[PDB]
Each structure stands twice: as structure tokens, then as C-alpha cells.
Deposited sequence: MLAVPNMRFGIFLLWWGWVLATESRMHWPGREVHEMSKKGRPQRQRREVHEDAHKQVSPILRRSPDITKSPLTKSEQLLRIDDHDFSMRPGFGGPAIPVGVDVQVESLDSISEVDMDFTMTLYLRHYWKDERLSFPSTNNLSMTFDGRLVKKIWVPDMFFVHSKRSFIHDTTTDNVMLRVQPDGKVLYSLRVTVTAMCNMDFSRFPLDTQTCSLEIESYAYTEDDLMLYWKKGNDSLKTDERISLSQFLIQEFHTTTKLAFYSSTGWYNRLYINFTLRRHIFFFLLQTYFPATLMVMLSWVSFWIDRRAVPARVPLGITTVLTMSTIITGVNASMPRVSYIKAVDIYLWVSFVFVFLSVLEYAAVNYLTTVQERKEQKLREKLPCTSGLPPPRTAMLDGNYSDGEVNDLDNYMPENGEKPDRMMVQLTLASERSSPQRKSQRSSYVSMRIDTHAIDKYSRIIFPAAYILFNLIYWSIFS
């Protein structure tokens, strides 16, 4: 009896709020953006409510599935995703819409959607960071006085596919919560949350960034073991180490997020750069002192202490730095 009723008014229009239950199955997590600070998810969204205007006579007490072109002729709750950037409903080969109605008016409605939603990421410990994210569901036009939104089975209303995986992150700790939201100009609304945690894998970053910089720092210590008389052997080695470290730094910066603070990897890289710089300065000082001594001996007419002490001081300083660093950012 579609044609006999006005479906621009909710069930119970003018009376108490109508309960609407929600059930979600998560299908996949498609991508994460560190410059845009958002994520994309595909899910099946289910609604439960009753409308006495949709009853029909039957002897079986069983639900029937209808084509889905009928959805545009009846009242349907208006859910939307808060703090989202873009979304759409899949529609091949037809709209991905299910409608099942029982003889007493109970309705099950189901959509397949894709949502891109924002989140606040902290990179102060990158690439050792851990992030938390949430997707928020809320009705748009109806306040809690007209429509009451809740999880259909409480904590049991959220399911996930076994094939959910991201190549760069470990996904854990799915759960659901609720909260009441307030708008100064419209009223009070009930929000539903889907929360989860992401843990990044660190092997790639270690192998591609920490390994080369440490190797170049250790290469800069070769200079201390070379006879100081070979100036065109010790100067080129230091300057080439500086050039290699700078090129590595640029190549790494080509792929990094940009924030108003500095990530742990930046601290590591610039400490290595300063170490190489100080090695070059030390050799310059040694050469100057040797020349001065030669001039004084001419006027009057072995390993230099600085080299033999730096051979111990430099490795100790780097080892201490690494101990503190991997005790803090473990």
C-alpha cells in the first residue's frame, strides 16, 4: 500500500522518537595518506526499524526481499559520516541496496559504501609511531528527540573480514562506542564510533635509513688510522663522506612527512652529519699544529695525540648516543 500514504513524514511524526538500530561489517581498509591525514574504508551498513505503514497480510511470518527501486518511495533514515571528505555508494551493476520487510512492518535496509575520513596523526616518534583512528556515524536532520540511534547488538554489532590487511601497518583493537553531540544552532544528536589502532612496521625504515648512515659514520673513522703526512688522502675521504651523507639525507627527505617538529629519524641523521663534520674539523686542526711545529723547529735550527685520543673518544660518543636514543625511542 505504497500509494495511500505520505512518506515525507517519519513514523510517529509528531510523537515520540523512533528507535533505529545499526549494524556494520567492515570489508577492507584501502589506503592511508600521511600528507592528507586520512584513511579510506569500505563497509556494509545495515539499519533496523519498524513502520506500521509497510505491513501486509501473510501466513508465513517471514521476511520478503524487494527489488530496491522501492527505497525511493518510502521513508528511510538519513545517516551520514561526520568529518568525512568524500564518499559514494557502489552502483554496479545496480545500486548495492537491499530491502527486506516482515508482515508486521519490521524493515532491514543495507548499503555498501566507501568513505574517506580524516584523523589527527602525530609523527613525533615516526617511524616508531602508533596511531588511533575512528569513523563516526550520525543522523543529519533528526535530533535525539525525533530519532534515537543505537548499536543493534551492543558490542556484538561490529564484524571484520579476515582479509583486512595493510602493507605498512598492523591493525588491531576494533571496538565501538557512543557519545552525544551538540550543535549550537540545531540541537542534540547521538554519535556512534568505530575505533581501531595502527602499528607501523619498522624493518624497511631501519634497513633503508639507519644502516647507511651508521656505515658512513664508521667510515669517517678510517681517517684516524691513516698516516697524517698523506694530506691528499685524508682530506678527500672526509669531504666525500660529507657528500655521501648529504645525498643520503636528500634521498630520505624525498619521502618524508613534514611537520612543525622533527621526527626521531631526522635527529639520527643530523647527529650523524655533525659527527662527520667534526671529524673533518679535527683533521684540519691536526695538520695546522704539525705545520706550526715544523716552523718552530726550523726557527730553532709518531701518531699525534689528537688522533690517538679521538680513536677512543669518537666511537664512545656514538655508542653512548645510540644507547640513549634506543633507550628513549626503544
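K.L.:
Identify which parts of the deposited sequence carry no C-alpha coordinates, going from the N-terminal end onward.
P.N.:
Those parts of the chain that were deposited but carry no coordinates are 1 to 79, 381 to 450.
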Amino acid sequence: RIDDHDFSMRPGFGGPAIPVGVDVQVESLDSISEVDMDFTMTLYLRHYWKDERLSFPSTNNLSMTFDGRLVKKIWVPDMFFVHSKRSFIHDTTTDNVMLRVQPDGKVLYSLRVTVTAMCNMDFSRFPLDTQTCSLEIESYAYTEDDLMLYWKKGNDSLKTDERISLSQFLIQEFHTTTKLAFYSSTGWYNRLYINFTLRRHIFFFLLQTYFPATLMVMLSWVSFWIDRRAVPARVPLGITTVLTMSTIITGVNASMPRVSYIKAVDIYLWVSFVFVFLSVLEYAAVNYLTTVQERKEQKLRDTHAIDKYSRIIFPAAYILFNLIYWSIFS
From here on, numbers count along this sequence of modelled residues.
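By rigid core we mean the largest C-alpha set that fits within 1.5 Å across both forms.
K.L.:
Fitting on the core, do the C-alphas of 155 to 163 or of 69 to 77 deviate more in 9 other deposited structures of this protein?
P.N.:
It is 69 to 77 that deviates more in 9 other deposited structures of this protein.
K.L.:
Would you say which of 254 to 262 and 164 to 172 moves more relative to the shown form in 9 other deposited structures of this protein, going by RMS C-alpha distance with the core superposed?
P.N.:
Per-stretch check in 9 other deposited structures of this protein: the more divergent one is 254 to 262.
K.L.:
Checking the other compared PDB entries, only those that cover the residues flanking it, does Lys50 lack coordinates in at least one third?
P.N.:
No.
K.L.:
Do at least a third of the other compared PDB entries leave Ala284 without coordinates?
P.N.:
No; none of the other entries leave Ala284 out.
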